[PDB]
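# Architecture at a glance
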Protein chains: 2
Amino acid sequence: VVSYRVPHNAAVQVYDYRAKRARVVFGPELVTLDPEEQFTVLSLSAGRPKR
Amino acid sequence: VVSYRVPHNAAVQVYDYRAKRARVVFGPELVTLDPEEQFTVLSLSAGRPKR
């Protein structure tokens, strides 16, 4: 299983492509991806000034 | 077991990803992490001026 341990004040958005349904869980939950569930990888800005 | 000895005027926040529950304990307690409990690692500013 692929399971991500979500931080407390954080949200992870997934979709079950096998089931045609959308769900996003905020808060400190342990997501459990179905065999065709995929994550919302977020490219975020960082660096000293910004990137 | 992984157990952290919390200082007296300090607070440590954990979540049991296996149990879908949030708890934070302040004060001088000895936390005991469940097999899917994880800590709130806090990156804090330090240095002479600041970092």
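- For this deposited structure, the header cites cryo-EM as the method used and 9.8 Å as the resolution.

### Concerning the overall build of chain A
- On a plain count of helices and strands, chain A comes out with zero helices and three strands.
- Beginning at the N terminus, the succession of helices and strands in chain A can be written as β-β-β.
- Scaling as 2.2 N^0.38, a compact globule of 51 residues should have a C-alpha radius of gyration of about 10 Å, whereas chain A reaches 13 Å, well beyond that.
- With respect to the three principal axes, the spread of C-alpha positions in chain A is 40 × 20 × 20 Å.
- For chain A, with 51 residues in total, the buried portion stands at 22%.
- Within chain A, counting contacts between residues at least 6 apart in sequence, those at least 24 apart form 32% of the total.
- With an accessible surface of roughly 4,000 Å², chain A has 55% of that area assigned to carbon and sulfur atoms.
- Side chains of chain A carry 8 positive and 5 negative charges; the gap between the two charge centres is 13 Å.

### Considerations on a nonpolar patch on the surface
- Residues A:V2, A:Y4 and A:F39 make up a contiguous nonpolar surface patch of roughly 250 Å² in combined accessible area.
- Within the secondary structure layout, A:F39 lies in the segment after β3 (37-38).

The rules we used
All residue numbers are counted from 1 along each chain's written sequence and may depart from the entry's numbering; residues that have no coordinates are not represented. Chains and ligands are labelled sequentially in the order written, the chains with letters from A and the ligands with numbers from 1. What appears here is a fragment of a larger assembly, so each number quoted concerns just the fragment shown. Excluded from the side-chain calculation are hydrogens and water; included are all heavy atoms of the structure. A run of H or I in DSSP becomes a helix once it reaches four residues, and a run of E becomes a strand once it reaches two; helices and strands are each numbered from the N terminus. What the globule rule says is 2.2 Å times the number of residues to the power 0.38, and the radius of gyration is computed from C-alpha atoms. Burial classes: relative accessible area under 20% of the type maximum marks a residue as buried, over 50% as exposed, and values in between as partly exposed (1.4 Å probe, protein chains only). Two residues form a contact once any of their heavy atoms are found within 4.5 Å. Accessible surface is estimated by sampling points in the Shrake-Rupley manner with a 1.4 Å probe; for residues, cover comes only from the protein chains shown. The charged-residue count follows a simple rule in which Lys and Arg add positive charge and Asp and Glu add negative charge, with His and chain termini not counted at all. Working definition for charges: the position is that of NZ of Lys, CZ of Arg, CG of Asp or CD of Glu. Two joining distances apply to patches: 9 Å for like charges and 5 Å for nonpolar side chains (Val, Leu, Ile, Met, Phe, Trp, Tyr), and every residue must have over 30% relative accessible area and no salt bridge. Only one rule defines a salt bridge in this text: a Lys or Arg side-chain nitrogen within 4 Å of an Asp or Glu carboxyl oxygen.

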